[PDB]
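Topology and contacts: notes
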4 protein chains.
Amino acid sequence: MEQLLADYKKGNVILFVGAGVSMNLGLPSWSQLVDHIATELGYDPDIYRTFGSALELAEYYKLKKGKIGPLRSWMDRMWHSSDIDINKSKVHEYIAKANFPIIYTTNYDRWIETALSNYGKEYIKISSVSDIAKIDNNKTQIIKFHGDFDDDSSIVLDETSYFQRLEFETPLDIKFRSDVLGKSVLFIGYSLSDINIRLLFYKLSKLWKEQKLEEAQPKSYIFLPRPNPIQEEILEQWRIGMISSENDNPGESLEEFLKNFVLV
Amino acid sequence: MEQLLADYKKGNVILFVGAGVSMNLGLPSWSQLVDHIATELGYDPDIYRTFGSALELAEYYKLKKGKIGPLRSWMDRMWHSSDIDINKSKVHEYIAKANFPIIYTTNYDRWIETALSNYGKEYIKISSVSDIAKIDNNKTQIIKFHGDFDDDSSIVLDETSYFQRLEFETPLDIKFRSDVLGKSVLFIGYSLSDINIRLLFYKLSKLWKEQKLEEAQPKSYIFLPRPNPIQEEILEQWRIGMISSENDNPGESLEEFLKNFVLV
Amino acid sequence: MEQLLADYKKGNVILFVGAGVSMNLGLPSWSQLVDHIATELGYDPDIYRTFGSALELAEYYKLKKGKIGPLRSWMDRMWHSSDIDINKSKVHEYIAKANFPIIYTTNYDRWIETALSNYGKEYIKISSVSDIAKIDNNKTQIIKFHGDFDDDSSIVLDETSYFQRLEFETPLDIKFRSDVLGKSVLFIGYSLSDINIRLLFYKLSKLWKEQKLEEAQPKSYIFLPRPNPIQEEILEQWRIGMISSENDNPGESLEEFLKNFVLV
Amino acid sequence: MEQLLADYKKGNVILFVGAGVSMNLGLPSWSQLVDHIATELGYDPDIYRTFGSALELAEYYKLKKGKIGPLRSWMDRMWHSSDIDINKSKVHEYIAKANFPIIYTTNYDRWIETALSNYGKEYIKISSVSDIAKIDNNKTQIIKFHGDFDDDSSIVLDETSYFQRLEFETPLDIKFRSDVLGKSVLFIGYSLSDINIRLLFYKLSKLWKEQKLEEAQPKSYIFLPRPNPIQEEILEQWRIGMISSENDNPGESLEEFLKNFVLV
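Per the deposited record, cryo-EM is how this structure was determined, to a resolution of 3.66 Å.

Before going further, it helps to spend a moment on the sheet that holds strand β6 (residues 220–223) of chain C. Residues and elements named next belong to chain C. Judged by pairing direction, the sheet is parallel, and its 7 strands sit side by side in the order β3-β4-β2-β1-β5-β6-β7 without closing on themselves. Bordering the open sheet on either side are β3 (123–126) and β7 (240–243), each of which pairs with just one other strand. With strand direction ignored, the average angle separating the axes of adjacent strands in the sheet is 20°. As paired strands, strand β1 (residues 13–15) and strand β2 (residues 102–105) are joined by 2 bridges and run parallel to one another.

With that out of the way, let us pick up the interface of chain B and chain C. Buried accessible area, meaning the area lost when the parts come together, often serves as the stated size of an interface. Contacts between the two partners involve 17 residues from chain B and, on the opposite side, 15 residues from chain C. Buried surface at the junction of chain B and chain C, summed over both partners, amounts to about 1300 Å²; 33% is from carbon and sulfur atoms. On the chain B side of the interface with chain C, the three residues burying the most area are B:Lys67, B:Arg77 and B:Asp150, jointly 35% of the side's total. Our enumeration of links across chain B and chain C arrives at 2 salt bridges. The interface formed by chain B and chain C holds 11 residue pairs in polar contact in total. Where the side of chain B that touches chain C is concerned, the elements lending two or more residues are α4 (55–65) and α5 (69–78) of chain B. Taken together, the residues of the side of chain B that touches chain C sort by class into 2 nonpolar, 4 polar and 11 charged.

The subject of this paragraph is the side chain of B:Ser161. All names here are of chain B. With respect to the helices and strands, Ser161 occurs in helix α8 (residues 159–165). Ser161 gets classed as buried once you look at its relative accessible area, which sits at 15%. Reaching out from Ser161, the side chain makes a polar contact with the side chain of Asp158 at a distance of 2.4 Å. Ignoring sequence-local partners within four residues, the contact set of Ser161 consists of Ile155 and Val156.

Right, let's get into the pattern of salt bridges. One pass over the full model with this rule turns up 62 salt bridges over all chains. Residue B:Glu159 pairs with A:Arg198 through a salt bridge whose shortest N-O separation is 2.9 Å. Residue B:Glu159 is found in helix α8, and its partner A:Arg198 is found in helix α9 (residues 196–210); the two belong to separate chains. Side by side, B:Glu159 and A:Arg198 carry an identical accessibility label, which is buried. B:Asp179 is the partner of B:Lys175 in a salt bridge, and the nearest nitrogen-oxygen pair spans 3.4 Å. Here B:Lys175 and its partner B:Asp179 are both found in helix α9 (residues 171–180), 4 residues apart, which amounts to about one turn of the helix. By the burial criterion, B:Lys175 is buried, and B:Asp179 matches it. Counted as one network, the salt bridges with shared partners bring together B:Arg77, C:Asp76, C:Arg110, C:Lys125, C:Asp148 and C:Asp150.

Residue and element names in this part refer to chain B. Strand order across the open sheet formed by 7 strands is β3-β4-β2-β1-β5-β6-β7, with parallel pairing between neighbours. Single-partner strands in this sheet number two, and they are β3 (123–126) and β7 (241–244). For this sheet the average axis-to-axis angle between neighbouring strands, irrespective of direction, equals 20°.

Definitions and cut-offs
Residues numbered from 1 in each chain as written, not as in the entry; some residues may be left out. Chains lettered and ligands numbered in written order. Part of a larger assembly, values for the part shown. Heavy atoms only, no water. Pairing = 2+ DSSP bridges. Helix = DSSP H or I, 4+ residues; strand = E, 2+ residues; numbered from the N terminus. Axes fitted to C-alpha atoms, helices over the stretch in contact; angles between N-to-C directions. Contact = heavy atoms within 4.5 Å. Buried area = accessible area lost by both parts, 1.4 Å probe. Salt bridge = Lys/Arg side-chain N within 4 Å of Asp/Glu carboxyl O. Polar contact = N/O pair within 3.5 Å; in protein donor to acceptor, adjacent residues only side chain to side chain. Nonpolar A, V, L, I, M, F, W, Y, C, P; charged D, E, K, R; others polar. Buried < 20%, exposed > 50% of the residue type's maximum accessible area, 1.4 Å probe, protein only.

If you want it as structure tokens, here you go:
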């Protein structure tokens, strides 16, 4: 913790956002997305989810409708509905009020950008390789590392798109390596049942292991509300410490963790 | 499937073996291996199960013991016990009597070698680059793709050497690429239900997948005991049509599927 | 003899173990191992032992298979077969119930560890240099001085590895000199025709002759059930007193010898 | 063997002497010397062989008589008797006519010196560091590697002197290391079938093969009349090939092997 605040005072921390930050807004979950595509395919939305681990169901929806078009239209409609209030979430307020230079995300929504616009912070949203030219160092860089609703070719929403992201050769990953070469990277709102984040940590450990800079770039951190001891011990071997909260309810625990950065 | 049989007369087919073949023999499963790990480390057999799925549990046991030595010894003693006979295995008999030129496996035990020794068909077991020079074209070759108990360096049981194997730099991967050039593959006994597994395929898929020039690398196939349209559409994307039986028990489903290959 | 029991009451004794205590449990002999490697190399199990002597034959098996992997697999399989009972051997019961702080062994099996756990005695198994950090004084330190099946590199099974261990610069050997330096050493179950025991004796006697502590180091002891006058005379100049029994059958002779330590 | 004769033209070959050279002349071997020690100490000639091999016997005679005085005097009297003629040994004639620059011998007799004196080739006898000052390239060198009968302190015939000679600190070992760098060695009459022997062989084996690369690191050879797979596959790591004859008697096999060196 204290070493993380020492790196944050130097500005060498890069923030990741997952869906766990987005849980506080009352956004639609992936289960109701499965319900919507099951009703669109005329399936009962339990017998549809026997034979699919969500993203395989989105693969079937893409291969049935021909594209991710109606699917992206539906998530852009209900992910930014009018009843969603950004001022009731303390996590987004503490994200926007903190002095984070680069904020990466794998979310598909725009509520981090909406939270930054709400609290009077200028930002540059980066989604593809063309937007890297618009980087201003007085503004917060938002990289939609998993794509955004403004481009269907850059959306990861299916097994195949997840798999060429797991190949890790798109130029956003080249920019990502270029930002995390000197700094530490903080991960909030993720779960370790996810495979792509663990393979991302492993790819970082392999990349820093081939080119000889073991002594450079201090260890990354991931925040968890549940203290997992042996997951901490296995993540230590890749040079990633875990940070465990004390409170059990994850919304106020995550808000109490993000409270440590706004005062600076 | 008839075109698969027509290619199978030509001998242009490769056999893969998963855990579904090993289910018939009465071998100790992965769950009781996790229970043995937990009782060795002092945990309860199901408290320790709520700590990650399989590979991270195996790597936590490895890091608390320094190496995978005791666990390899325990799996060699339990998976080659004297109370298991290959003569009662109809599935291994059906594999052994078939004229498969090259057989691959992701299982660590040598029960396919035990079946080929019992049923008289001579084989050459490949586990490293040393056995590549001892190849002989008139004898079948069993390639342990995930290693075997004769070498602790090439055992794929922990997440670290697994994620080492995911980029496909070992000479077994180049040997598999050269063997799959212009030929088809049978995957039997796999449950495309655990990301990892899937991933593999993808990668592996690529091999033949991207390929199209001449040949066609036909298009391999996978057997499943359960007919299913979603994985039919996704696996119909990569390059793999499944064949499904009309039965419930997987052992006799494998027997009646392999009986099409036995009699010719 | 009374000096040895006086040293045992002070806890200055370090016990060794050869194959002689392992003969009582119906363990396979080496000759049976010679038969197995003759069958695996296709030799009849007499012609293969005309032109070699045990360690060589294991060298040739290691060379033909490229490693000691299949050798260690068969060793581990038939050395821990489930029909072998540990409670029926009174030798291991007298080993486990006796208050021995540090126990060395050259056996590759786990039967001393299984006998120590079978009678409710905690222990710490040491096989490599990393295990020395887990030493507890309240647990007996089972030390696999010749290695065990949990590591292929630590196993001495071949003539070249026998010469590595006969050189005596391993870190386990440095640890061994550190335990021996104040204490007497009791050897049981060893044959006097072995080379490494005599050259270990000579290395110990020379090393105490270079560092001037002849007055320190009460003399070691070896238990041979067959009396031998001239072998006692050569071992007397290396400060090892030979101890001989009366009954000629070695099993109850060794049990009556180890009876003197269980009651204390 | 062709490479052996090619390097023999280059003069980079050294020769060792074992008991196979001595068996042609009809010297009293180790068996009747054991019988003489046994009837000297009051035992039966074959009752000692249940107590030790040879070195334990020689050390027991040394410890009983106080020194090796009577044993060296008896061995010098029986190994230089008047009924032994050096002209009848064709093997001794063949090593006399060969142009070997350096000769090493582990035999304690002086029959190599007697053969060189009989056939007129002038030599230099080395037994200690006092003889190393009298070197003279020109002549040929004979080095009693295990001592002779002029010096009782350097003769290596008991277990303790042999155990002093494994670790190679005498100046003969430094002279031997300087001779072997850049050159190859021969071995004849060396059963390689008695641990000890094997041992030295190995220890020695090191030095050269020990030496890494560069220069020539010439190999080395041992002549055995019996062909054998296990020991060539074990001696080939040590950079020692062997040459096998097709004949049963070792005397004429030795004679026809050393006939190849007198004509060059």
